[PDB]
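Novice:
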Amino acid sequence: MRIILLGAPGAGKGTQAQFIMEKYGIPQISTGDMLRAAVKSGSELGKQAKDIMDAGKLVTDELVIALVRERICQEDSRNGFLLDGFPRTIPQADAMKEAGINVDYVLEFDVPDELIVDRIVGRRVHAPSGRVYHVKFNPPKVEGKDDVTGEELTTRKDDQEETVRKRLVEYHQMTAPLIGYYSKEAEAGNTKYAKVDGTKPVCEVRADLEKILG
Ligand SMILES: Nc1ncnc2c1ncn2[C@@H]1O[C@H](COP(=O)(O)OP(=O)(O)OP(=O)(O)OP(=O)(O)OP(=O)(O)OC[C@H]2O[C@@H](n3cnc4c(N)ncnc43)[C@H](O)[C@@H]2O)[C@@H](O)[C@H]1O
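All residue numbers for the sequence shown refer to PDB author numbering, where the first residue is 1 and numbers rise by one.
#1: Is it right to say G14 is buried, meaning 16 or more other beta carbons lie within 10 angstroms of its own, or is it exposed?
#2: Can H134 be considered in contact with ligand 1, in the sense that its beta carbon sits closer than 6 Å to one or more heavy atoms?
#3: By how many angstroms is the C-alpha of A38 removed from the C-alpha of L45?
#4: Pull up the distance between the alpha-carbon of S41 and that of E187, whole angstroms please.
#5: State the Cα-Cα distance for the pair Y182 and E98, rounded to the nearest angstrom.
#6: Since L83 sits in a beta bridge, which residues does DSSP pair it with?
#7: Taking Cβ to Cβ, would you say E108 is nearer than 7 Å to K23?
#8: For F81, which option in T89, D33, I72 has the closest C-alpha, if you only look at C-alpha atoms?
#9: Suppose only complete runs of 3+ residues qualify. What are the beta strand (DSSP E) ranges in the stretch 125–198, listed by chain order?
#10: Determine the DSSP secondary structure at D208, reduced to helix, strand or coil.
#11: Which class does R69 belong to by DSSP, given the choice of helix, strand or coil?
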């Protein structure tokens with residue numbers, strides 16, 4: 001019902017987020033989507049993240065805490081949710097604690113650092129639809145084209161390999177301690193942890209998730 005997806009950038013969280021959404025009918029709350037949408041439409045609550053997402057840095061904890069707080073207040077609460085990209089720092093995890101939001105599962109998408117850069121530099125997306133591709137690991141039917149609309153695919157500005165390394169460094173510094181954060185909470189019986197082998201093909205990763213959830 002209420003689960004958190006953890007993992008290094010490019011571990012595959014967003015890909016498996018689409019599957020968990022359809023299989024179990026819980027909404028996907030992705031801070032990356034909401035910010036990129038707020039920037040695209042110039043929405044006051046998020047448009048400020050433009051220059052710093054393109055730089056590969058993290059958004060101020062307060063700005064995403066409020067956007068998540070506003071997004072969770074929209075949905076019907078027992079529909080559940082599927083957090084993808086949040087929490088990303090210890091203060092963001094403490095915000096959910098203070099706000100009385102307990103989770104049922106934490107799913108860790110473990111992937112070696114040696115795959116991270118290649119997964120992200122090879123990523124292409126269809127921005128209007130959110131569809132995600134990889135040149136090698138999950139390619140479109142036609143090169144550079146979107147499978148549904150035929151429009152020329154795009155590469156996100158922060159998917160430049162240099163910005164990726166800035167992101168991978170910042171992930172190890174600010175976001176990786178959430179693995180020990182929520183593993184301690186699982187050991188306290190406040191949630192249920194689960195590590196997932198993110199190196200498998202997407203077919204098997206989606207199978208491993210099915211066995212963990214239901
Ligand atoms: N909470 C927050 N607090 C502060 N700032 C925030 C924030 N949230 C967002 N931001 C801001 O904006 C940016 C972060 O961007 P964000 O939108 O949060 O991350 P992505 O950029 O969405 O990165 P994940 O880190 O989400 O990658 P992914 O795990 O979803 O895997 P994916 O399926 O795409 O896969 C990677 C590529 O994977 C390929 N692939 C997928 N699965 C496999 C597989 N199984 N085998 C081989 N290749 C695979 C995928 O198809 C694709 O090609 C933040 O860094 C900051 O700038």
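No residue lacks a Cβ here, since even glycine has one placed at the ideal position from N, Cα and C.
Specialist: In short:
#1: buried
#2: yes
#3: 7 Å
#4: 42 Å
#5: 15 Å
#6: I4, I29
#7: no
#8: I72
#9: 131–134, 192–197
#10: helix
#11: helix
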